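Trainee: For reference, the file coords31.cif (mmCIF, C-alpha atoms and all ligand atoms) is included below:
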```cif
data_protein
#
loop_
_atom_site.label_atom_id
_atom_site.label_comp_id
_atom_site.auth_asym_id
_atom_site.auth_seq_id
_atom_site.Cartn_x
_atom_site.Cartn_y
_atom_site.Cartn_z
CA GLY A 1 57.25 104.39 115.07
CA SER A 2 59.03 105.64 118.18
CA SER A 3 62.75 105.95 117.45
CA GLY A 4 65.44 108.63 117.37
CA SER A 5 69.16 107.95 117.63
CA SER A 6 72.08 109.67 115.90
CA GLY A 7 75.70 110.08 116.97
CA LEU A 8 78.16 108.21 114.75
CA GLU A 9 80.27 111.19 113.70
CA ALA A 10 83.43 109.92 112.01
CA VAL A 11 86.67 111.84 112.55
CA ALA A 12 90.28 111.03 111.68
CA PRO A 13 93.12 111.69 114.15
CA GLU A 14 95.90 114.19 113.47
CA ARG A 15 99.64 113.47 113.64
CA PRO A 16 101.86 115.24 116.21
CA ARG A 17 103.97 118.31 115.45
CA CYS A 18 106.60 120.61 116.95
CA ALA A 19 105.71 123.49 119.27
CA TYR A 20 108.13 125.98 117.72
CA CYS A 21 108.26 125.08 114.03
CA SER A 22 105.26 122.74 114.09
CA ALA A 23 107.48 120.49 111.97
CA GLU A 24 107.66 116.70 111.89
CA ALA A 25 107.88 115.96 115.62
CA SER A 26 108.19 112.17 115.69
CA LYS A 27 109.88 112.75 119.05
CA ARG A 28 109.08 112.87 122.77
CA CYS A 29 110.52 114.90 125.64
CA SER A 30 113.08 112.81 127.52
CA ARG A 31 111.96 114.46 130.76
CA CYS A 32 108.18 114.09 131.00
CA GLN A 33 107.26 112.34 127.75
CA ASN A 34 104.20 114.57 127.34
CA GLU A 35 105.28 116.79 124.45
CA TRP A 36 106.26 116.63 120.78
CA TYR A 37 109.17 118.24 118.93
CA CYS A 38 111.10 117.98 115.67
CA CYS A 39 114.56 118.26 117.22
CA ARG A 40 116.39 119.26 120.41
CA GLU A 41 117.05 122.65 118.82
CA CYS A 42 113.44 123.73 119.34
CA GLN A 43 113.08 121.86 122.64
CA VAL A 44 115.72 124.15 124.14
CA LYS A 45 114.13 127.25 122.61
CA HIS A 46 110.59 126.52 123.80
CA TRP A 47 111.97 125.24 127.11
CA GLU A 48 111.46 128.41 129.15
CA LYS A 49 107.70 127.87 128.83
CA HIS A 50 107.28 124.12 128.38
CA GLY A 51 109.46 123.71 131.45
CA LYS A 52 106.58 124.69 133.71
CA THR A 53 104.35 122.14 131.98
CA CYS A 54 107.10 119.53 132.12
CA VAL A 55 106.64 117.40 135.24
CA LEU A 56 108.68 114.36 136.31
CA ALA A 57 106.50 111.54 134.97
CA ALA A 58 107.82 107.98 134.87
CA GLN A 59 106.80 105.65 132.04
CA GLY A 60 103.30 104.26 132.49
CA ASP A 61 100.91 102.42 130.19
CA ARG A 62 102.76 101.19 127.10
CA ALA A 63 101.18 100.40 123.73
CA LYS A 64 101.91 97.54 121.33
CA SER A 65 103.74 97.96 118.02
CA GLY A 66 106.28 96.42 115.66
CA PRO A 67 108.05 98.18 112.77
CA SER A 68 109.95 96.54 109.91
CA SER A 69 112.95 96.96 107.62
CA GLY A 70 113.65 96.67 103.90
ZN ZN B 101 110.81 122.33 115.74
ZN ZN B 102 108.99 117.69 129.10
#
```
Before anything else, please render the file you have as C-alpha cells.
Mentor:
Amino acid sequence: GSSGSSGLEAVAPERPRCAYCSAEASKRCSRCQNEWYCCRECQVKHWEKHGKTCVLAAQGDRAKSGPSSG
C-alpha cells in the first residue's frame, strides 16, 4: 500500500463590497473597472487613494450571463 494524496479543500467565494462603507457594492469603477463600491458618494471620498491604483484599463475578457424579470 503505497499511496498518499490529499488536497481537495472546499471554499466558497465572497461577494464584493465597498471600500469606504463596505456596503453592497454591486458596482464597478467607470475608469479602470478594477474596484467595487456601493455608490459614487464613496467613490469620490476614497478617490484620493484609489486614484493611484486606478489605471486606464480598457475592457478585456468578458464573461457570460443572462438575468431575468418578473
Ligand atoms: Zn460605500
Ligand atoms: Zn478606478
Trainee: For ligand ZN 101 (chain B), which of A:15, A:50, A:64, A:45 is the closest residue, counting all atoms listed in the file?
Mentor: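 Checking each of A:15, A:50, A:64, A:45 against ligand ZN 101 (chain B), counting all atoms listed in the file, the winner is A:45.
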Trainee: Could you tell me how far atom ZN of ligand ZN 102 (chain B) lies from CA of residue 26 in chain A, in Å and to one decimal?
Mentor: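 Here the two named atoms are 14.5 Å from each other.
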Trainee: Leaving out residue 24 in chain A and any residue of its chain fewer than 4 positions from it, which residues lie within 8 Å of it when counting only C-alpha atoms, given as JSON, numbers by chain?
Mentor: {"A": [16, 17, 18, 37, 38]}
Trainee: How many Å separate CA of residue 22 in chain A from CA of residue 42 in chain A?
Mentor: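 Going from CA of residue 22 in chain A over to CA of residue 42 in chain A covers 9.8 Å.
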Trainee: Determine, counting only C-alpha atoms, which protein, DNA and RNA residues have an atom within 6 Å of an atom of range 28-35 of chain A; residues of the same chain fewer than 5 positions away are not included. Present the result as a ChimeraX atom specification.
Mentor: /A:54-57
Trainee: Could you save those same residues with C-alpha atoms as a compact mmCIF listing (two decimals), in the frame of the given file?
Mentor:
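After the write, again-v4.txt holds the following:
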```
# COMPACT_ATOMS: atom_id res chain seq x y z
CA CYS A 54 107.10 119.53 132.12
CA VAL A 55 106.64 117.40 135.24
CA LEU A 56 108.68 114.36 136.31
CA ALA A 57 106.50 111.54 134.97
```
Trainee: Select, from A:62, A:4, A:27, A:12, the residue with the minimum atom-to-atom distance to ligand ZN 101 (chain B), counting all atoms listed in the file.
Mentor: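 Once distances to ligand ZN 101 (chain B) are computed over all atoms listed in the file, the minimum belongs to A:27.
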Trainee: So, counting only C-alpha atoms and all ligand atoms, which residue among A:53, A:43, A:65, A:59 is closest to ligand ZN 101 (chain B)?
Mentor: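 Closest candidate: A:43.
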Trainee: Out of A:46, A:20, A:10, A:5, which residue has the shortest atom-to-atom distance to ligand ZN 102 (chain B) when counting only C-alpha atoms and all ligand atoms?
Mentor: A:46
Trainee: Find the residue from A:11, A:39, A:58, A:44 that sits nearest to ligand ZN 101 (chain B); use only C-alpha atoms and all ligand atoms when measuring.
Mentor: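 Comparing A:11, A:39, A:58, A:44 against ligand ZN 101 (chain B), the winner is A:39.
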Trainee: Could you check the closest approach to ligand ZN 101 (chain B) for each of A:41, A:66, A:52, A:47 and tell me which residue wins, using all atoms listed in the file?
Mentor: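 The answer is A:41, which sits nearest to ligand ZN 101 (chain B).
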Trainee: Just chain A, please, as a short mmCIF file (atom, residue, chain, number, x, y, z; two decimals), in the first residue's frame (only C-alpha atoms).
Mentor:
```
data_model
loop_
_atom_site.label_atom_id
_atom_site.label_comp_id
_atom_site.auth_asym_id
_atom_site.auth_seq_id
_atom_site.Cartn_x
_atom_site.Cartn_y
_atom_site.Cartn_z
CA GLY A 1 0.00 0.00 0.00
CA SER A 2 1.93 2.99 -1.32
CA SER A 3 -0.42 5.98 -1.57
CA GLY A 4 -0.77 9.47 -0.13
CA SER A 5 -2.78 12.27 -1.72
CA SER A 6 -4.88 14.99 -0.10
CA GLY A 7 -5.79 18.47 -1.31
CA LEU A 8 -9.49 18.91 -2.03
CA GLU A 9 -10.14 21.80 0.36
CA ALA A 10 -13.57 23.26 -0.40
CA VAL A 11 -14.05 27.02 -0.03
CA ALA A 12 -16.91 29.32 -1.03
CA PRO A 13 -16.25 32.70 -2.69
CA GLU A 14 -17.17 36.01 -1.05
CA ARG A 15 -19.28 38.77 -2.62
CA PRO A 16 -17.77 42.21 -3.34
CA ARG A 17 -18.16 45.23 -1.06
CA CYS A 18 -17.46 48.96 -0.83
CA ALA A 19 -14.07 50.32 0.22
CA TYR A 20 -15.45 53.07 2.46
CA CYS A 21 -18.66 51.65 3.92
CA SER A 22 -18.02 48.06 2.83
CA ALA A 23 -21.69 48.15 1.82
CA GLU A 24 -23.41 46.40 -1.09
CA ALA A 25 -21.04 47.32 -3.92
CA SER A 26 -22.71 45.74 -6.95
CA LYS A 27 -20.82 48.40 -8.91
CA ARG A 28 -17.57 48.90 -10.82
CA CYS A 29 -15.33 51.93 -11.32
CA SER A 30 -16.11 53.56 -14.67
CA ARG A 31 -12.42 54.40 -15.05
CA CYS A 32 -10.44 51.20 -14.55
CA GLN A 33 -13.12 48.63 -13.73
CA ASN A 34 -10.92 47.09 -11.03
CA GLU A 35 -12.73 48.22 -7.88
CA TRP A 36 -16.06 47.85 -6.07
CA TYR A 37 -18.28 50.48 -4.45
CA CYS A 38 -21.83 50.97 -3.19
CA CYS A 39 -22.34 54.40 -4.75
CA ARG A 40 -20.49 57.33 -6.32
CA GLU A 41 -20.62 59.07 -2.94
CA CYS A 42 -17.92 56.80 -1.54
CA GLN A 43 -16.04 56.56 -4.84
CA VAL A 44 -15.33 60.29 -4.62
CA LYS A 45 -14.37 60.06 -0.95
CA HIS A 46 -11.95 57.16 -1.34
CA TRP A 47 -10.71 58.63 -4.62
CA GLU A 48 -7.61 60.37 -3.27
CA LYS A 49 -6.13 56.94 -2.58
CA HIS A 50 -7.79 54.61 -5.08
CA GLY A 51 -6.79 57.11 -7.76
CA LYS A 52 -3.20 55.90 -7.63
CA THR A 53 -4.40 52.31 -8.01
CA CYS A 54 -6.80 53.32 -10.78
CA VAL A 55 -5.10 52.82 -14.14
CA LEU A 56 -6.61 53.31 -17.60
CA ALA A 57 -7.65 49.74 -18.44
CA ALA A 58 -9.88 49.04 -21.43
CA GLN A 59 -12.43 46.23 -21.30
CA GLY A 60 -10.85 42.81 -21.77
CA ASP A 61 -12.10 39.27 -21.22
CA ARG A 62 -15.88 39.26 -20.79
CA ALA A 63 -17.91 36.59 -19.01
CA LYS A 64 -21.27 35.07 -19.97
CA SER A 65 -24.52 35.80 -18.13
CA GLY A 66 -28.24 36.42 -18.54
CA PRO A 67 -30.59 37.88 -15.91
CA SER A 68 -34.40 37.79 -15.94
CA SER A 69 -37.50 39.78 -15.00
CA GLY A 70 -40.77 39.11 -13.19
#
```
